[PDB]
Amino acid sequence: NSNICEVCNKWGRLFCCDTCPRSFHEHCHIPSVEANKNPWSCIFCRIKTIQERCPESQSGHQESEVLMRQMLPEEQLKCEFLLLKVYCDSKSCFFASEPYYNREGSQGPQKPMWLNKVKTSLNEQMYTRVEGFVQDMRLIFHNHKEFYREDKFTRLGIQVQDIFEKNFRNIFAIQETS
């Protein structure tokens, strides 16, 4: 197994996947690495299994159909994995914890949102459809773009949104388009 966390790329107290060489901090993995379970298989491995059990699940889908899906166990897992892919980028640090807004010439968003809040919401089964999770994720970046206006820091929101959107299209097998 790897000697660094797959998510944050640091060493420490690491839990190793039994079916692949990846390793994780307890609260870096999503869901948090389970207490017992021998063997244990990481989220990467669990997602690969879904694909292998239903190869047709990789055929293209429309975003509007994906969003309306209920959060059954496979969709819960896919949203957890998508959230984890965002944490995998170091620039997610800017979006992880609760933000505050005091900048001359700007007013904070009406509905603040942050990655750890989405993480708690998934853990607490607060989303009934994929649409609820995707709307909160996109709101993070939209709030950032609106608040930072012409400051070059706006670009951090564009960058992390692009990581979210590419992974969304991959994980939910969105139909490729020009």
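In case it trips you up, residue 1 is the first one in the sequence shown, and so on.
Between 29 to 37 and 66 to 74, the higher mean Cα B-factor belongs to 29 to 37. The stretch 101 to 109 shows the higher mean C-alpha B-factor when 86 to 94 is compared against 101 to 109 in the entry. Residue set 142, 129, 149, 119: peak C-alpha B-factor at 149 (per PDB entry). In the PDB entry, a CA B factor belonging to the highest third of its chain's modelled residues is recorded for residue 14. In the PDB entry, a CA B factor belonging to the highest third of its chain's modelled residues is recorded for residue 20. When all modelled residues of the chain are sorted by CA temperature factor, residue 4 is found within the highest third.
Sort the chain's modelled residues by C-alpha temperature factor and residue 61 lands in the middle third, per the entry. Compared with the other modelled residues of the chain, the Cα B-factor recorded for residue 136 ranks in the lowest third.
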